[PDB]
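Residue numbers (the UniProt record's numbering), protein chains in the order written: chain A, 4 to 35, 49 to 135, 241 to 355; chain B, 10 to 247; chain C, 10 to 248; chain D, 2 to 36, 49 to 132, 247 to 350.
For each residue, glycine too, the CB sits at the ideal point set by N, CA and C.
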Amino acid sequence: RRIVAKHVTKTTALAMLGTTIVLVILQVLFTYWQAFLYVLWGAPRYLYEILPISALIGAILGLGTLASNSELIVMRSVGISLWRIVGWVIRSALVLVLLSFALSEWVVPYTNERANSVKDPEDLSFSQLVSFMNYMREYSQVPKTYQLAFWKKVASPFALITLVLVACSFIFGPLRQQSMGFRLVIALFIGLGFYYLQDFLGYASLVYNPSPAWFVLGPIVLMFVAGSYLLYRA
Amino acid sequence: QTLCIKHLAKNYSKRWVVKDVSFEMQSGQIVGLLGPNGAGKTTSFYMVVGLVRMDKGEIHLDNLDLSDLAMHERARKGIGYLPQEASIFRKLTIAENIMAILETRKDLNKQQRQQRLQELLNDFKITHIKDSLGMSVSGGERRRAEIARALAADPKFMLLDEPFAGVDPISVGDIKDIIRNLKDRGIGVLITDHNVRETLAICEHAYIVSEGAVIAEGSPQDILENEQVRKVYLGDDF
Amino acid sequence: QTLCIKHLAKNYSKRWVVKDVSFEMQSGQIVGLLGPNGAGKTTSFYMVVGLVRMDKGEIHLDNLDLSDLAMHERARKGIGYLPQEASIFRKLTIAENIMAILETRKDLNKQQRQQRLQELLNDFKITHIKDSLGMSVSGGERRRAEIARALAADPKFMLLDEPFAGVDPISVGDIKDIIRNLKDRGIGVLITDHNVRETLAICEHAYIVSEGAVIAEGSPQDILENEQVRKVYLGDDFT
Amino acid sequence: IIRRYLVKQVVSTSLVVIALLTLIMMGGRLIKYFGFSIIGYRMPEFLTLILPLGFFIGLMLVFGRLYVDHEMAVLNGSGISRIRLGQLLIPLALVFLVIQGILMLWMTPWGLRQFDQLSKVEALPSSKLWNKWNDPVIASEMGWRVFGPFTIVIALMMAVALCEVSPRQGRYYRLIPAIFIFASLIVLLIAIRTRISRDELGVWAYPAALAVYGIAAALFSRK
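Okay, here's the thing in structure tokens:
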């Protein structure tokens with residue numbers, strides 16, 4: 004099957020990219049000649065932090081258009097499983113994951129230098250972070266604020282895919298037959314709920330004994346399990 | 010092939026909308042699942058398709074239990090569904106809609122897929138709109154493309170949901186000709202509809218479900234001369 | 010009283026859905042506004058009610074222009090609306106549903122408002138279920154409460170939208186008596202419905218709206234014998 | 002009966018939205034603070062903003078529900094317009110204006126006074256700020272407390288204007304477009320409080336900001 008796969012992937016990809024363009028423009032305006053270049057040079061760093069939430073809203077609106085048009089019912093009516101339709105949406109999200117890697121490795125560490133010239242462990246790129254941690258560990262102890270930053274980056278692609286799967290499971294589950302406005306409202310509550318949960322559990326990893334991996338990979342594993350359960354209920 | 014369905018049951022808000030609905034359907038035969046609105050004809054229809062999870066019941070298709078299977082696992086066994094609402098792929102052309110489901114077939118190669126697509130377009134007379142987007146076709150033309158798309162998966166039992174919904178009396182003959190064509194192709198058709206005047210005109214064996222249970226069974230002639238159906242559903246004059 | 014509609018028109022997405030639709034309905038007369046689905050019979054009905062803004066034409070009620078008046082301003086002139094979908098106040102008592110509109114009336118005081126509500130409940134045989142919520146009633150009983158509520162506003166013309174929608178053949182006759190009772194009350198009834206077979210059984214004057222324009226007019230017997238309707242709407246075999 | 006029907010619906014769904022926004026607006030700040050008495054003393058500060066936002070959202074959810082499930086077609090079709098329905102909620106909006114007037118004038122300073130000691248013109252008593260209008264800093268704060276509560280009235284006639292929605296569009300279709308129109312008023316009023324504090328705009332711009340939004344909402348509701 005290829006024609007069905009392209010239709011589901013392209014519709015979601017255009018919704019993930021369409022939401023990305025809007026969310027970056029709003030965040031550029033909200034953050035906002050010398051002060052325009054400082055914000056314009058910061059767009060790749062604003063882009064990197066929107067990808068987890070633009071993929072959630074993109075899959076909600078991308079599949080919501082398919083669901084409200086009764087297009088997801090006739091894909092099941094011919095023998096296309098729920099996990100296959102999710103796999104096609106993940107292909108759209110895999111473009112954002114690859115874009116997240118490109119920004120993190122080669123774009124964000126460069127425009128950050130340019131942005132600072134015009135005018241933290243989180244801001245360090247993965248290439249810089251791992252190299253710096255390996256340097257400190259060879260001669261001293263790496264602080265817990267660098268371990269959390271390392272785990273918040275290695276689990277960034279896995280938080281984009283898991284949050285997409287939760288969005289897909291909501292379309293097939295609780296948010297089925299609902300209005301387009303209600304799906305968008307719920308997609309905004311999950312986005313804020315995830316940003317707050319990952320912020321709070323990030324701070325809690327710097328105050329409690331267990332490694333930050335438990336706190337960073339905690340919600341991602343639980344949302345994946347809970348999201349995959351809503352898909353099992355069909 | 011026989012689609013044995015036994016003792017269906019489903020509750021909503023702790024109220025059993027469907028209570029022991031059981032009927033049998035055979036391939037190449039039109040069976041109308043009729044009844045009063047809200048009495049369980051729609052809910053019992055959806056539990057055959059798979060949209061509504063079965064609280065109690067057994068669905069068999071030639072001693073093969075489909076009770077535990079999901080919507081898609083039943084569709085791969087030969088059960089089709091035609092939604093009442095517009096379900097065409099809006100951004101895909103009419104020819105791409107049929108070709109989209111033809112690639113799902115495993116026993117068809119690229120050579121015969123195009124041949125099968127060509128005759129499916131000719132069967133339903135949608136060749137002239139094969140290049141037009143699914144969002145820009147007439148309601149009568151779109152519905153022919155939805156049935157042609159469903160037949161691309163080669164179903165053994167096509168469950169039609171509200172086929173005569175918003176259909177003018179001029180075009181009710183076109184839908185009947187289509188449904189009769191499905192029967193002549195060896196596909197059993199299950200019809201649920203609020204329009205009971207015309208559903209009792211093509212179906213060979215109708216099931217009237219009232220108060221959540223099957224209250225009558227037999228040919229449309231026997232259904233009309235049924236005291237319980239006349240008292241509850243059809244009325245004294247019909 | 011004579012509701013006069015002249016030269017209705019409405020274009021959607023640069024496509025003229027309605028083109029020169031004009032019909033006349035008198036008080037105490039049932040008029041059925043029928044036609045092919047999507048041919049402009051639904052849109053032309055809505056411009057009469059006031060849901061969709063007019064784009065050309067005029068509406069008169071005894072040389073009293075209603076084209077510029079909004080939906081609520083026509084309702085005070087005696088034009089009612091009954092939505093096809095469930096429009097009862099879900100969390101209001103059925104007795105309060107009729108009462109909520111009775112308090113709108115200015116020519117009724119508290120003494121005769123309870124009397125009007127009591128006789129409205131008795132006229133529709135819902136006085137036994139008058140203490141239950143709007144959302145906890147049968148489909149047949151709910152519609153009887155929506156018509157009793159509509160009569161509380163004391164309309165002169167009632168514009169019914171799909172009265173025979175989702176109605177079993179047992180309960181079609183019940184609606185026929187209701188619509189016949191509305192005519193016997195001196196209230197003109199305008200009916201738009203896809204179920205043309207049953208709509209033609211109560212209306213004394215039917216209008217067939219095809220390709221955006223009125224192509225037929227007269228009694229249902231004249232509509233059936235019309236060769237233009239039987240070619241586009243009713244078909245060769247229809248009774 | 003039709004006024005009590007709407008007031009019961011609006012109050013019920015405004016308290017849900019207010020409790021939903023309090024959990025979100027101050028859940029984010031509580032997590033940042035973590036990075049229970051502080052939350053108690055900042056209740057009047059956040060509820061000063063949530064109450065106009067909860068009333069506005071709660072107004073559109075009720076008026077959206079009437080449109081979606083066809084209870085507005087039978088209210089307009091009975092002679093009761095949408096503007097008339099918004100005028101039936103003036104007694105309710107007056108209660109919310111009085112309620113927020115208590116927050117803005119008394120508990121917002123009192124809550125900020127105890128928080129400041131536990132942790247400024249934002250916490251000075253209203254008695255000490257009734258006079259001394261000459262100083263722009265006090266002029267901005269006192270004007271923020273006097274003309275601030277009148278956003279409830281603006282949230283009433285602007286939610287009536289921006290609530291018309293089609294049954295197929297949905298109950299939540301016009302939420303995000305119109306919450307930003309309401310939020311543009313508050314963001315403008317916070318942007319006015321700062322301009323007055325720098326003696327650049329004058330205290331007269333508080334009613335002017337409300338009047339422009341009041342007239343625009345009244346004209347849009349009568350189109």
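Between residue i and residue j, which are expected to be in contact by the criterion C-beta below 8 Å, what is the C-beta distance as a whole number of angstroms?
i        : j        : result
C:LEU126 : C:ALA104 : 7 Å
C:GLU171 : C:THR201 : 7 Å
B:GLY66  : B:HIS16  : 5 Å
D:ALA286 : D:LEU64  : So it is not a contact: roughly 14 Å between Cβ atoms.
C:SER36  : C:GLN10  : 4 Å
C:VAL26  : C:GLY221 : 6 Å
D:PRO263 : D:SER324 : 6 Å
D:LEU62  : D:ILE313 : 7 Å
Nearest to residue i by CA position, among the options, is which residue?
i        : options                                : result
D:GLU268 : D:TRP331, D:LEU101, D:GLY90, D:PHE309  : D:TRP331
C:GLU112 : D:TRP123, D:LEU131, D:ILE63, D:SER91   : D:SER91
C:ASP193 : C:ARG206, C:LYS165, C:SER145, C:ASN20  : C:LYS165
C:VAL176 : C:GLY195, C:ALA161, C:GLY149           : C:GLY149
C:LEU73  : C:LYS86, C:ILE211, C:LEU191, C:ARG24   : C:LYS86
C:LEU169 : C:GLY41, C:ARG24, C:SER36, C:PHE98     : C:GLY41
B:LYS240 : B:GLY227, B:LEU17, B:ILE217            : B:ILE217
C:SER22  : B:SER145, B:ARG114, B:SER96, B:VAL61   : B:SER145
A:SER246 : A:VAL102, A:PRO125, A:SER108           : A:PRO125
C:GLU33  : C:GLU234, C:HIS214, C:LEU243           : C:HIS214
D:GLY99  : D:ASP326, D:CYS290, D:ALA318, D:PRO304 : D:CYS290
B:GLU94  : B:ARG152, B:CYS13, B:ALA161, B:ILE14   : B:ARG152
D:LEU337 : D:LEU7, D:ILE319, D:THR278, D:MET85    : D:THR278
For residue i, does the count of other Cβ atoms within 10 angstroms reach 16, so buried, or fall short, so exposed?
i        : result
D:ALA335 : exposed
D:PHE307 : exposed
B:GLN237 : exposed
C:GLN124 : exposed
A:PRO278 : buried
A:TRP57  : buried
D:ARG301 : buried
D:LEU316 : buried
B:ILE211 : buried
D:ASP82  : buried
B:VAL198 : buried
A:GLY80  : buried
Cα separation between residue i and residue j?
i                      : j        : result
A:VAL105               : A:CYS289 : 8 Å
C:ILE138               : B:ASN204 : 30 Å
B:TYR90                : B:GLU82  : 13 Å
residue 250 of chain B : B:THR52  : Residue 250 of chain B lies beyond the range of chain B shown here (10 to 247); nothing can be said about it.
C:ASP245               : B:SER180 : 11 Å
A:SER261               : A:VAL328 : 21 Å
A:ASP244               : A:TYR35  : 20 Å
A:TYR316               : A:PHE33  : 18 Å
B:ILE196               : D:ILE93  : 55 Å
B:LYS119               : B:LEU142 : 23 Å
B:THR102               : B:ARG114 : 19 Å
C:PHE54                : A:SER84  : 27 Å
A:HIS10                : A:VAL90  : 13 Å
A:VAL94                : B:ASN20  : 27 Å
Under 7 Å Cβ to Cβ from residue i, same chain only, skipping five residues before and after it: list those, please.
i        : result
A:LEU98  : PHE293, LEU352, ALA355
D:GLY67  : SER15, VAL18, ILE19, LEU22
A:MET257 : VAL263
D:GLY341 : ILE281, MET284
Might you give, ordered along the chain, the residues of its own chain that have their beta carbon closer than 6 Å to the beta carbon of residue i, omitting 5 neighbours on each side?
i        : result
B:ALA157 : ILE107, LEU129, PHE133
B:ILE88  : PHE166
D:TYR333 : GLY270, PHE274
Just to confirm my understanding: we take residue i, look at its own chain, exclude 5 residues before and 5 after, and list those with CB closer than 8 Å. What are they?
i        : result
A:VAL337 : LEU269, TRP272, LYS273, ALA276, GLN319, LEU322, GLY323, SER326
A:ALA347 : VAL287
A:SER116 : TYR64, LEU67, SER277, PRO278, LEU281
D:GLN10  : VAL75, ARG78
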